[PDB]
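S.K.: can't give you the sequence, but here's the structure:
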Ligand SMILES: OC[C@H]1O[C@@H](O[C@H]2[C@H](O)[C@@H](O)[C@@H](O)O[C@@H]2CO)[C@H](O)[C@@H](O)[C@H]1O
Ligand SMILES: OC[C@H]1O[C@@H](O[C@H]2[C@H](O)[C@@H](O)[C@@H](O)O[C@@H]2CO)[C@H](O)[C@@H](O)[C@H]1O
């Protein structure tokens, strides 16, 4: 389906909320939500949120000068092929809160400063009904 | 018809999201969402979100020492009788962002210090499905 890419020219502040509503295809493998620091290829990523249906896992990480940081994995997979989903990604001064459904799924401490974030990206095996930045 | 009242023993910070999902009765006059700083009757209100189906308006305000403050009004009423709704109240360093539907509605700029808030209440003419604090 069409992916999402949107600029955040001033960055984001504690209280920024990214809301993604969609539907994991019935034969999906994996999709992702990126908060990048530029339009450049493989740019630094303050957050990489990667639900993996094929391997039954959800990986969190950051990227800096082309090398990945230490992965963090959440408890379980709050996604199912063929089911719709609602994701909130909430920026605090300490980290990102990943809310799936009606419960917080994981908390990802910042590695890159918030003010360096300048681009949001949503793609993969995912059908998107709405992407909003509040 | 049941009202929601839950304590925030650790308070709220920037990056906190208050999600409310419910339905407005077909005979509703008003319902309210309050962020109070204690369980006192007539406690100080850092925020008071008051949709009104009878006078067709949405009022924001703050209470301090029993006295209401300056009233702020949103553009229109994104609520209807006999219709479901979703409301996001997002706390940041500057104020509270009120989102209704899938669109930013209004921004209430802080009056009380955010650290005062220790309690959440939802009452009035409203039928609640979920009230989550992320
Ligand atoms: O961490 C984000 C990236 O992970 C890469 O895959 C990891 C894999 O998760 C890990 O288990 C091991 O196999 O090494 C790989 C990288 O070192 C993904 O390929 C990449 O797309 C990101 O998701
Ligand atoms: O909204 C704060 C309080 O307003 C009270 O009614 C106000 C009214 O909104 C205002 O237009 C003016 O006429 O003074 C009235 C009395 O303060 C509500 O009765 C109260 O519940 C609060 O909502």
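M.R.: Sure, I can see it. Residues are numbered from 1 along each chain as shown, chains lettered A, B, ... in the order given. Ligands and ions are numbered 1, 2, ... in the order given.
S.K.: residues in chain A within reach of ligand 1, list them.
M.R.: By the rule C-beta under 6 Å from any ligand atom, the part of chain A lying against ligand 1 is A:48, A:50, A:59, A:61, A:68, A:71. Quick note: C-beta positions are derived from backbone N, CA and C, even for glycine.
S.K.: which strand residues bridge the spatially most central residue of chain A?
M.R.: Nearest to the mean C-alpha position of chain A, by C-alpha atoms, centre = their mean, lies residue A:33 at 3.0 Å. Here residue A:33 sits in beta bridges with residue A:49, residue A:122, going by DSSP bridges.
S.K.: is it true that it touches residue A:128?
M.R.: No - using C-beta atoms under 8 Å, residue A:33 makes no contact with residue A:128, being 10.4 Å away.
S.K.: quick check: neighbours shared by the two?
M.R.: Taking C-beta atoms under 8 Å, 6 or more residues apart in numbering or on different chains as the contact rule, residue A:33 and residue A:128 both touch A:20, A:122.
S.K.: and the residue of chain A that's closest to ligand 1?
M.R.: residue A:61 (3.7 Å; C-beta to the nearest ligand atom).
S.K.: helix or strand: which one has that residue?
M.R.: Taking DSSP states H and E as the criterion, residue A:61 maps to strand A:57-64.
S.K.: got the buried residues for that strand?
M.R.: Residues of strand A:57-64 classed as buried by neighbour count (16 or more other C-beta atoms under 10 Å in any protein chain shown): A:58-63.
S.K.: could you check how far the residue nearest to residue A:44 when sequence neighbours are not counted is from residue B:30?
M.R.: Sequence neighbours aside, residue A:37 is the residue nearest to residue A:44 in space, at 4.3 Å (criterion: C-beta to C-beta, 6 or more residues apart in numbering or on different chains). Distance, residue A:37 to residue B:30, by C-beta to C-beta, to the nearest Å: 45 Å.
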